[PDB]
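Undergrad:
Number of protein chains: 2
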Amino acid sequence: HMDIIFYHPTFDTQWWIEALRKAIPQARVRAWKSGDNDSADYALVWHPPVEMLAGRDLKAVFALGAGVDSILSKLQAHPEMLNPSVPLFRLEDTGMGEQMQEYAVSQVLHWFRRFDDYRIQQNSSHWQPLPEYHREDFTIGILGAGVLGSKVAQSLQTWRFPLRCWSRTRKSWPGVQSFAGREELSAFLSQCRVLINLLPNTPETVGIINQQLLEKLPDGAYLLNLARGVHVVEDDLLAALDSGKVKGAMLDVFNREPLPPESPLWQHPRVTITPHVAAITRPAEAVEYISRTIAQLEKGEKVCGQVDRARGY
Amino acid sequence: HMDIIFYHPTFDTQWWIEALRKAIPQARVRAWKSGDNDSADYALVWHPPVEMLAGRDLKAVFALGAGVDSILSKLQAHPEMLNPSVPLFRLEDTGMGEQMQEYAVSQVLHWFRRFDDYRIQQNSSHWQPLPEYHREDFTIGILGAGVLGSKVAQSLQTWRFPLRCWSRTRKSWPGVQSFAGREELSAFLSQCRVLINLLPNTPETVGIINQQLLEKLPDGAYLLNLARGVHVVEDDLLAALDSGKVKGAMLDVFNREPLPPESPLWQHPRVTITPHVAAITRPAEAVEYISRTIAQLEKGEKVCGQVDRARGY
Ligand SMILES: NC(=O)c1ccc[n+]([C@@H]2O[C@H](COP(=O)([O-])OP(=O)(O)OC[C@H]3O[C@@H](n4cnc5c(N)ncnc54)[C@H](OP(=O)(O)O)[C@@H]3O)[C@@H](O)[C@H]2O)c1
Ligand SMILES: NC(=O)c1ccc[n+]([C@@H]2O[C@H](COP(=O)([O-])OP(=O)(O)OC[C@H]3O[C@@H](n4cnc5c(N)ncnc54)[C@H](OP(=O)(O)O)[C@@H]3O)[C@@H](O)[C@H]2O)c1
Ligand SMILES: [K+]
Ligand SMILES: [K+]
Ligand code: NA
Ligand code: NA
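Chains as they are written, first to last, in the deposited numbering: chain A, 0 to 312; chain A', 0 to 312. A prime marks a further copy of an entry chain.
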């Protein structure tokens, strides 16, 4: 027997309640409204109001996404929102791994096969085979080597691209050179023909993709930002695009979302924009992960997917 | 000890001669010029002149490509060109399998993730997440289930797309529904959200992708022509593009190559054009396949990659 409160600003609240009741039949599930101060054991939230969590000794909070920077930043401004005793969980993969693989593999191959060059030539009705690129010149670097970074690396390794990753701690993936810490970031960047960003938004990573980082990439590099918009200094990226340093950039996330129409990114020739749809939360897989995690918590089984509030992700 | 004559209209003749001499050190290799009637054991050819092969009792001819429709059509017009005793071989895979996989996986995922829709929206600086497509609605059909068709099917199966193939004879690939013969072509087409053409050019397949075939596809279908241009009736494809039957078409081959500038395909919004570069012949891999095949022929080992002239491919 448990009480679950649910909040999401836009999802189909009623669908989630019913799906949760089926997956956890002993649970009483309700949508949280302002003024609801009744007891609750678990909270499933996205962009929760401070009032929903403040003062509650919850058994756990589940953030309905892979990123938790919005909740953590709100907790920094409102420390009363989440008691330190409450463990905070996020969605680990739950289908977002495959979605990132689809996105990254498609576009890496797109660039590797020079479909962007052939499109420019097609615009002028110009027929001209181009020299093929070689894998030895197409090392792919993944900023962030976590749940999603590892999935993307694995899918690209299938295609025999040289691979490297960057994180805080060393990784052991065969065939993927692991770089760790700011002290190794420059060496990491020196060979990244394609740079894929899958970092979390933390104070230590804000603005990391800036002029100083971009200039260390090889010439004709490609940028794939699948993480958070604050990671990229957009005016620095535009300068690197205009100078020829970056041959192409595909961006799914931006400092302001929706991306304002005045942004030069919309109409820049070498920029491809998707409206933050790289890896969406699939309700059925999220319900399965949450219900399974709750069962593991009840059985005392060690669990994965817990946020370290001191660490920031 | 053997004599090899080499002809290619555009490749680096001298590089090929030297590479062949290294791979087959007992071989005397020479570029064929008009008037060269000296003896030869093997001929490596692409678009060979009739004079090069006529009257020669060669041990084998190796066509320097996967398709042999140009040689077979020339032999039909000049039956004296190749004695019936001469076995004819083509390049089987030799790296073209992976190239077709790169091409097909990239573009299938491109369409599956609606990057074409997001690009149209980006042209207007319009931010709008779109509903995701589902694999159950994205059955991929492969016209031609051969060396390259099987490789493409295998790579797409990795991504959990429903798969079917069409050929003359039944296939046994687990998870891929095999359709065989014209009598099953209509049933094959009925579910193909994406149609990938990897057929050979033969009299039995010319013009197969026409109005009658396209109308049997599901609405919003996609066409990927990686095979030969004569397979597609281009005015029928344009009509299906203008009516909304076909959502997108990516074409690497055309009835006339280079594609004349007057073709409406160049500037049609839903058409993507590459200049016959889907899977190019890589000299080093071709030299390895040819030298290995010759050794197998000398040892009496059963060989693959032989053209059936009565069959047409
Ligand atoms: N639609 C979308 O665009 C979409 C969807 C889902 C997620 N995302 C984004 O993708 C991000 C990654 O998700 P995930 O599940 O892969 O997260 P994760 O498993 O926590 O992985 C985070 C990785 O970043 C590394 N990292 C963090 N801070 C660092 C620093 N200061 N220096 C170097 N490396 C650092 C971590 O290194 P260690 O391994 O050493 O800890 C870890 O490898 C999310 O935070 C979210 O913002 C975007
Ligand atoms: N850059 C490029 O665009 C590029 C590069 C390389 C090749 N290609 C093209 O790709 C083609 C395929 O090469 P491949 O090595 O895969 O050839 P393959 O191994 O001979 O495969 C041909 C397939 O087509 C099927 N087929 C032939 N005639 C048919 C008919 N009348 N009805 C139904 N099915 C039929 C065959 O069926 P069975 O299996 O029953 O015999 C076979 O499965 C080449 O011929 C070439 O034109 C293009
Ligand atoms: K901007
Ligand atoms: K045309
Ligand atoms: Na209710
Ligand atoms: Na010479």
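Note that the Cβ used here is the ideal one computed from N, Cα and C, for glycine as well.
Using a Cβ-Cβ cut-off of less than 9 Å, list which residues of the region 130 to 146 of chain A' approach chain A; keep chain order.
TA: Within the region 130 to 146 of chain A', the residues whose Cβ lies closer than 9 Å to some Cβ of chain A are 131, listed in chain order.
Undergrad: Residues of chain A' with CB closer than 7 Å to the CB of residue 112 of chain A, please, in chain order.
TA: What you label residue 112 of chain A is simply residue 113 of the first sequence in a count that begins at 1. Per Cβ cutoff of 7 Å: 101, 102, 105.
Undergrad: If we count the other Cβ atoms within 10 Å of its Cβ and call it buried at 16 or more, is residue 165 of chain A buried or exposed?
TA: The residue given as residue 165 of chain A occupies position 166 in the first sequence. Answer is buried; the Cβ neighbour count reaches 16.
Undergrad: Please compile the residues from chain A whose C-beta is within a distance smaller than 9 Å of the C-beta of residue 117 of chain A'.
TA: As a first step, residue 117 of chain A' is located in the second sequence; it is residue number 118 there, counting from the start. What residue 117 of chain A' touches in chain A: 271, 272, 273, 274, 276.
Undergrad: Residue 179 of chain A' lies in the beta strand (DSSP E); which residues open and close that run?
TA: Taking the first residue of the second sequence as 1, we reach residue 179 of chain A' at position 180. It spans 175 to 179 - the beta strand (DSSP E) in which residue 179 of chain A' sits, taken as one unbroken run.
Undergrad: Any beta carbon from chain A' within less than 9 Å of residue 45 of chain A's own beta carbon?
TA: Position 46 of the first sequence, counting from 1, holds the residue named residue 45 of chain A. Taking Cβ atoms only, chain A' never reaches closer than 9 Å to residue 45 of chain A, which makes this a no.
Undergrad: Does the beta-carbon of residue 175 of chain A', which I'm using as the reference point, lie nearer than 8 Å to any heavy atom of ligand 2?
TA: Taking the second sequence and counting its residues from 1, the one referred to as residue 175 of chain A' is at position 176. No, since every heavy atom of ligand 2 falls outside the 8 Å radius drawn around the Cβ of residue 175 of chain A'.
Undergrad: Just the C-alpha distance for residue 273 of chain A' and residue 12 of chain A, rounded to the nearest angstrom, thanks.
TA: Here the question's residue 273 of chain A' lines up with position 274 in the second sequence. Here the question's residue 12 of chain A lines up with position 13 in the first sequence. The alpha-carbon atoms of residue 273 of chain A' and residue 12 of chain A are separated by roughly 46 Å.
Undergrad: May I have the straight-line CA-CA distance separating residue 298 of chain A' from residue 40 of chain A', to the nearest angstrom?
TA: Your numbering for residue 298 of chain A' matches position 299 in the second sequence. Your numbering for residue 40 of chain A' matches position 41 in the second sequence. Answer to the nearest angstrom: the Cα atoms are 16 Å apart.
Undergrad: Could you tell me which residues DSSP puts in a beta bridge with residue 5 of chain A?
TA: Here residue 5 of chain A is taken as the residue at index 6 of the first sequence, counted from 1. BP columns for residue 5 of chain A point to A:30, A:43.
Undergrad: Can you find a heavy atom of ligand 8 that lies under 8 Å from the Cβ of residue 16 of chain A?
TA: By its list of ligands, the structure shown excludes ligand 8, since it contains just ligand 1, ligand 2, ligand 3, ligand 4, ligand 5 and ligand 6.
Undergrad: Please determine if the region 128 to 139 of chain A' and the region 229 to 247 of chain A' are in contact, where contact requires at least 3 C-beta pairs separated by less than 8 Å.
TA: Taking 8 Å as the limit for Cβ pairs, the verdict is that the region 229 to 247 of chain A' does not touch the region 128 to 139 of chain A'.
Undergrad: If distances are taken between C-alpha atoms only, which option among A:278, A:296, A:271, A:292 comes closest to residue 110 of chain A?
TA: Taking the first sequence and counting its residues from 1, the one referred to as residue 110 of chain A is at position 111. Answer by Cα proximity: A:271.
Undergrad: Check whether the Cβ atoms of residue 140 of chain A' and residue 195 of chain A' sit closer than 9 Å, and answer yes or no.
TA: The residue you call residue 140 of chain A' lines up with position 141 of the second sequence. The residue you call residue 195 of chain A' lines up with position 196 of the second sequence. Yes, the pair counts as a contact, with Cβ atoms nearer than the cut-off.
Undergrad: Between which two residues does the alpha helix (DSSP H) containing residue 65 of chain A stretch?
TA: The count along the first sequence starts at 1 and reaches residue 65 of chain A at position 66. No alpha helix (DSSP H) holds residue 65 of chain A; DSSP gives it neither H nor E.
Undergrad: Measuring alpha carbon to alpha carbon, tell me which residue in A:65, A:49, A:33 is nearest residue 281 of chain A.
TA: In the first sequence, counting from the first residue as 1, residue 281 of chain A sits at position 282. The shortest Cα separation from residue 281 of chain A among A:65, A:49, A:33 belongs to A:65.
Undergrad: Say whether the region 216 to 227 of chain A' touches the region 177 to 193 of chain A', bearing in mind that this needs 3 or more beta-carbon pairs closer than 8 Å, one atom from each stretch.
TA: Judged by Cβ distances under 8 Å, the region 216 to 227 of chain A' makes contact with the region 177 to 193 of chain A', as three or more pairs qualify.
Undergrad: Could you give the distance in angstroms between the alpha-carbon of residue 73 of chain A' and the alpha-carbon of residue 50 of chain A'?
TA: On the second sequence, residue 73 of chain A' is found 74 positions in, with the first residue counted as 1. On the second sequence, residue 50 of chain A' is found 51 positions in, with the first residue counted as 1. Going from the Cα of residue 73 of chain A' to the Cα of residue 50 of chain A' covers about 12 Å.
Undergrad: Tell me the DSSP secondary structure of residue 111 of chain A' in three-state form.
TA: Along the second sequence, one-based indexing puts residue 111 of chain A' at 112. Looking at residue 111 of chain A' - three-state DSSP - the assignment turns out to be helix.
Undergrad: Which residue or residues does DSSP assign as beta-bridge partners of residue 144 of chain A'?
TA: Residue mapping note: residue 144 of chain A' aligns to position 145 of the second sequence, counting from 1. Paired residue(s): none; residue 144 of chain A' is not in a bridge.
Undergrad: Verify whether the separation of the beta carbon atoms of residue 143 of chain A' and residue 213 of chain A' is less than 9 Å.
TA: Here residue 143 of chain A' refers to the residue found at position 144 of the second sequence. Here residue 213 of chain A' refers to the residue found at position 214 of the second sequence. Not closer than 9 Å, so no.
Undergrad: Check whether the Cβ of residue 47 of chain A sits closer than 8 Å to any heavy atom of ligand 3, and report yes or no.
TA: As a position in the first sequence, residue 47 of chain A is number 48, starting the count at 1. Residue 47 of chain A Cβ: outside cutoff for every heavy atom of ligand 3.
Undergrad: Start and end of the alpha helix (DSSP H) containing residue 216 of chain A'?
TA: Residue 216 of chain A' sits at position 217 when you count from the first residue of the second sequence. Looking at the DSSP string, residue 216 of chain A' is not in any alpha helix (DSSP H), and its letter there is neither H nor E.
Undergrad: Using a Cβ-Cβ distance cut-off of 9 Å, determine whether residue 75 of chain A contacts chain A'.
TA: Translated into positions along the first sequence, residue 75 of chain A becomes position 76. Closer than 9 Å: no.
Undergrad: Would you say residue 257 of chain A faces chain A', with C-beta separation under 9 Å as the test?
TA: Position 258 of the first sequence, counted from the start, is the residue given in the question as residue 257 of chain A. Answer yes: the Cβ-Cβ gap between residue 257 of chain A and chain A' drops below 9 Å somewhere.
Undergrad: Would you say residue 14 of chain A' faces chain A, with C-beta separation under 9 Å as the test?
TA: One-based indexing of the second sequence puts residue 14 of chain A' at position 15. False, the Cβ-Cβ gap to chain A never drops below 9 Å.
Undergrad: Rounding to the nearest angstrom, what Cα-Cα distance links residue 257 of chain A and residue 156 of chain A in this structure?
TA: Stepping through the first sequence from its first residue, residue 257 of chain A is reached at position 258. Stepping through the first sequence from its first residue, residue 156 of chain A is reached at position 157. Their Cα atoms are separated by approximately 33 Å.
Undergrad: Which same chain residues end up closer than 7 Å to residue 93 of chain A when comparing Cβ atoms and leaving out the 5 residues on each side of it in sequence?
TA: If you number the first sequence from 1, residue 93 of chain A lands on position 94. If we look at residue 93 of chain A and ignore the five residues flanking it on each side, its Cβ neighbours are 281, 284, 285, 288.
Undergrad: Chain A' partners of residue 7 of chain A, CB-CB under 9 Å?
TA: Translated into positions along the first sequence, residue 7 of chain A becomes position 8. By Cβ distance, chain A' contributes nothing, its closest Cβ being about 15 Å from residue 7 of chain A, past 9 Å.
Undergrad: For the candidate residues A:304, A:25, A:310, A:81, whose alpha-carbon lies nearest to that of residue 146 of chain A?
TA: For the purposes of this step, residue 146 of chain A is taken as residue 147 along the first sequence, with counting starting at 1. If we check each option's Cα against that of residue 146 of chain A, A:304 comes out closest.
Undergrad: Run through DSSP, which three-state label would residue 138 of chain A' get?
TA: Indexing the second sequence from 1 puts residue 138 of chain A' at position 139. In this structure, residue 138 of chain A' counts as coil in the three-state DSSP scheme.
Undergrad: Among A':163, A':54, A':104, A':43, which one has its Cα closest to the Cα of residue 77 of chain A'?
TA: Start at 1 with the first residue of the second sequence, and residue 77 of chain A' comes out as number 78. For the residues A':163, A':54, A':104, A':43, the minimum Cα distance to residue 77 of chain A' belongs to A':54.
Undergrad: Does any C-beta atom of chain A' lie closer than 9 Å to the C-beta of residue 128 of chain A?
TA: Along the first sequence, read from residue 1 onward, the residue named residue 128 of chain A stands at position 129. By this cut-off, residue 128 of chain A is an interface position.
Undergrad: Is residue 260 of chain A' near ligand 4, with its Cβ less than 8 Å from a heavy atom?
TA: Position 261 of the second sequence, counting from 1, holds the residue named residue 260 of chain A'. Checking every heavy atom of ligand 4 against the Cβ of residue 260 of chain A', none is found closer than 8 Å.
Undergrad: Taking residue 279 of chain A' as the query, report the chain A residues whose CB atoms sit under 9 Å from its CB, ordered along the chain.
TA: Counting from 1 along the second sequence, the entry for residue 279 of chain A' is found at position 280. Chain A residues near residue 279 of chain A': 128, 131.
Undergrad: Report yes or no: is there a C-beta of chain A' within less than 9 Å of the C-beta of residue 124 of chain A?
TA: On the first sequence, residue 124 of chain A is found 125 positions in, with the first residue counted as 1. Judged by the 9 Å Cβ criterion, residue 124 of chain A is in contact with chain A'.
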